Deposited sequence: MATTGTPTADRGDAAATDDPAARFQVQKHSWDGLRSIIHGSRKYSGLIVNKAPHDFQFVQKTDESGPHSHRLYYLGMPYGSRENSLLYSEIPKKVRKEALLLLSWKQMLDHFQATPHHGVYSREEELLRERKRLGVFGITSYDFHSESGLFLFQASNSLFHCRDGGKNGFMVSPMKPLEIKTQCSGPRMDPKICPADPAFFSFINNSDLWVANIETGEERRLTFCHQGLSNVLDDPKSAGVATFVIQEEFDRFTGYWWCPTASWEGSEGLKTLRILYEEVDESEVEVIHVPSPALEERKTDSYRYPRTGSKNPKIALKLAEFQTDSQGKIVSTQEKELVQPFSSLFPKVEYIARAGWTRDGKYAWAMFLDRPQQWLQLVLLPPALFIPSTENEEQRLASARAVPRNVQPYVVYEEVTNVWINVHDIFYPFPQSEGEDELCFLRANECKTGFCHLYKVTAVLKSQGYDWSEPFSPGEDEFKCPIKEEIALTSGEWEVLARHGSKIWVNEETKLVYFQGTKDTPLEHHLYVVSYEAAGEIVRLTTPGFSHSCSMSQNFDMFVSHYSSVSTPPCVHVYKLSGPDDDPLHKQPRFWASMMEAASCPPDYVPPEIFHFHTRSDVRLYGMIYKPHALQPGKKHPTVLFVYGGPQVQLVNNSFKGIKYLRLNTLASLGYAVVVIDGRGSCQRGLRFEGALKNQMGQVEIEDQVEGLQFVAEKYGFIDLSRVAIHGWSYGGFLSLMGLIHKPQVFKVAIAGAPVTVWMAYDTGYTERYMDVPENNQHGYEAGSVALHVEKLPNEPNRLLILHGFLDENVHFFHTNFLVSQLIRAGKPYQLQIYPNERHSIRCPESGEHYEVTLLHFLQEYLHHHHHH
């Protein structure tokens, strides 16, 4: 009991600063391009985004893949010649900074780019502007880097979301001031295609734009999609180009004010923020045509809209999750969702279904009568559930060979795990009088399913979210994908035949988790892979073997791109009293002496769409947990029920009772860790997490005060009523439908249950947080004062939902160390 309890060494504030300062002192976004020159030594050029160790910023790079190897390390050749993509002092525009928050982009420089393979044209944002360069194809392969040519513009403000036109690389598109524009890269000609935008709250219409809740909660960063092929309709031979697009009216969506980064100005910015229960934007898919002559001059432009309203045709639809087109350009498609997020629909939209917009009532019925009777929406798929629809990206339509459609689809709600299915929907025209107005039935456009074959199955998932995707080879009839079949703790690359659902073959080595990228030629892949114990590598594997059995191509290591007082944690697992396997992670105290009992930090997140505990390298993002361990803290992480990678039913334990299930699992994990490992002092446990983790830190202190001595709640969710529609309604329902659950899970309403003793609660929040508004902390403090309750608080004035600036970051870590040092006893 006396000598048994390990006392942490108490440092001064400057001492802790030096400790934090001392502790702190990869290739992605790939494009495989084959070289058509047998006499040269290189088979491919691999293009990618990457940040070298010497460089400040992310940039466009390339490596040369050789034809024969005798351990190769590939050189990182620069593409742009001494180019600063990041603007002066890292100070982005408002639109571009907010895109970086919605995409969680910590890195400076070029973060997306667009590529067109045949022409070899690269298109990207840089310097709060647009830029381009040419390599490969007709332009040829460069040895030395080339300066990227800036694209001139008559538009004022930022040009967001550049995309090259697939049908014609002379053309490209962008968003300027919430409208769709198009332009000619060769001639410099620009043309505006939508006219939704003009002042501020007085200007609620926008076009080609994903709104806040769509970006943040549905992972869609665009609301326009190029048609992939061109028509040649007209009198005298003009070429037509199309863009499907989301139109938005935000009139009835509540406004909130968030402070500007320019603190000296003392202003806010206005923002359409749909809180749970309140109105989301009024939405529509519209179509935009434009014609071109043989000289590349944009002749005419047209605004088209659906022949009947979007709200009449699709009466139950609340959000457009995803959209695009078939590869031949025959149909546009969309992925729709109801407001509960328990009913999804994959809908085809023929171009003939769209007619020109006019304000005149006479003209619209003429164009409506001119639409063929056979033309209509075709609902090819319908996913339904008692839990919720997670949006899965995978939807690969095969080109038709009319009257049916074959496609691959990721589906979780059928069995409870996300799996690939091949589906044939039967397209049969009911015949519709589009001029006379129209009320659809409950299954109005629902295609019959001819067959639905399961390609994958089991107690494991195909990855289809947060950038995971399939690669489909139509020669060999194989679908390449990623998944958890080996284990929840490791991502792995698999291959399976979509023709014949037989043997799934694993192509990545076990004991590591893999983030993979395929050649469109299917001859080689990259895997950026890692483990808990080993830092990440990036290797190039060539798929080799006889062409008579392409399923069993043995992956042979070709070459490498990246290689290589930190002590890794140990994964463990355990069963709850209800027989549910939970995984956990422990960092042991460094230089441990058995028999000692050490104070413990329960690091938590615990919300949906995150798995903390898996077999990949943690020392980059979670260095602070190792730093804690270097001082003699036990650090424990538990993936409780709710967390992702374990299918729908595991996730679904949260449904309408957020806060209620999670802490019990965390307590069980903490008590398991106590019995297994001999070094936890349960008298000195601290709970700590950001966002949902801060919410859970507060729930731990409220419901389990004898378990947790202190709480360091970062950016916490204190009032579920103040969070958005998309996230909150999905897990917790609308507020009027779940009064008991909203109240029970709102930490601000249970402040009487928070401690009478001071030094047991530290709150942290970013002042500029536009995700979880500082209100949450403000309102928690308001209620803490009303109940007569002590608290400590730290603001980060130049910081949103994450602490990006290093000096702020170091200060955060020093404070945490001091709070634990002085008060965790």
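- In this chain, the deposited residues that lack C-alpha positions fall in the ranges 1-18, 44-51, 97-99, 228-230, 434-435, 599-603, 865-869.
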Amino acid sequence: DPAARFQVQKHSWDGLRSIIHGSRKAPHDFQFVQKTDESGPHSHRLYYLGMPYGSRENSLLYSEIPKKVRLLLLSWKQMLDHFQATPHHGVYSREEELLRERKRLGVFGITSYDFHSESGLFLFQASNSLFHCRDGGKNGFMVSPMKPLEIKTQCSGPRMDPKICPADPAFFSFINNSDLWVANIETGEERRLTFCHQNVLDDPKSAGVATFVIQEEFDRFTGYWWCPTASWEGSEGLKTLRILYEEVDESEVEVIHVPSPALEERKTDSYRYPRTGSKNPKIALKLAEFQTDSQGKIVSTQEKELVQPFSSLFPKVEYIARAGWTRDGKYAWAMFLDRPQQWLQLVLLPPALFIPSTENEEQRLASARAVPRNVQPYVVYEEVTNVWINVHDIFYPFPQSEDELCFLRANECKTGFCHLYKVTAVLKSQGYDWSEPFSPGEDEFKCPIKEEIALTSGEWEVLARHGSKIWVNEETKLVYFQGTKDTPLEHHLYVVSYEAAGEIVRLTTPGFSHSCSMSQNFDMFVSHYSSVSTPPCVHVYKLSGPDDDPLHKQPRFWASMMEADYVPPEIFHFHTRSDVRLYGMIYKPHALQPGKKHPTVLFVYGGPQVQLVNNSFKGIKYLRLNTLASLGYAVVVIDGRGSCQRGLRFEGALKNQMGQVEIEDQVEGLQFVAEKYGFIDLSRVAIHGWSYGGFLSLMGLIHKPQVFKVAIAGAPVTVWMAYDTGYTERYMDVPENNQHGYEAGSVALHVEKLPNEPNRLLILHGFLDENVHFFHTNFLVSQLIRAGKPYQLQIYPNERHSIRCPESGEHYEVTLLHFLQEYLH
From here on, numbers count along this sequence of modelled residues.
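Note that the rigid core is defined as the largest set of C-alphas that superpose within 1.5 Å between two forms.
- Superposing each structure in 4 other deposited structures of this protein on the rigid core shows that the farther-lying of 355-363 and 666-674, by root-mean-square Cα distance, is 355-363.
- In summary, of the stretches 508-516 and 433-441, 433-441 shows the greater Cα distance from the shown form in 4 other deposited structures of this protein, with structures fitted on the rigid core.
- Residue-level annotation: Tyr53 lacks coordinates in a third or more of the other entries compared, counting only those that model residues on either side of it.
- The records show that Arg327 is included in the coordinate set of every other eligible entry of this protein, so it is not omitted in a third of them.
- The mean Cα B-factor in the deposited entry runs higher for 228-236 than for the other of 470-478 and 228-236.
- Between the stretches 725-733 and 342-350, it is 342-350 that shows the larger average CA temperature factor.
- Listed residues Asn411, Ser251, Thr718, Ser311 were ranked by CA B-factor as deposited; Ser251 comes out on top.
- Taking the deposited Cα B-factors for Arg684, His573, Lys450, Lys282, the highest one is held by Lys450.
- Per the PDB record, residue ranking by Cα B-factor puts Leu762 in the lowest third of the chain.
- In the PDB entry, a CA B factor belonging to the middle third of its chain's modelled residues is recorded for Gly788.
- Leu16 sits in the lowest third of its chain by CA B factor, as recorded in the PDB entry.
- When the CA B factors of the chain's modelled residues are split into thirds, the value for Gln34 lands in the highest one.
- Ranked against the other modelled residues of its chain, the C-alpha B-factor of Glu743 as given in the entry falls in the middle third.
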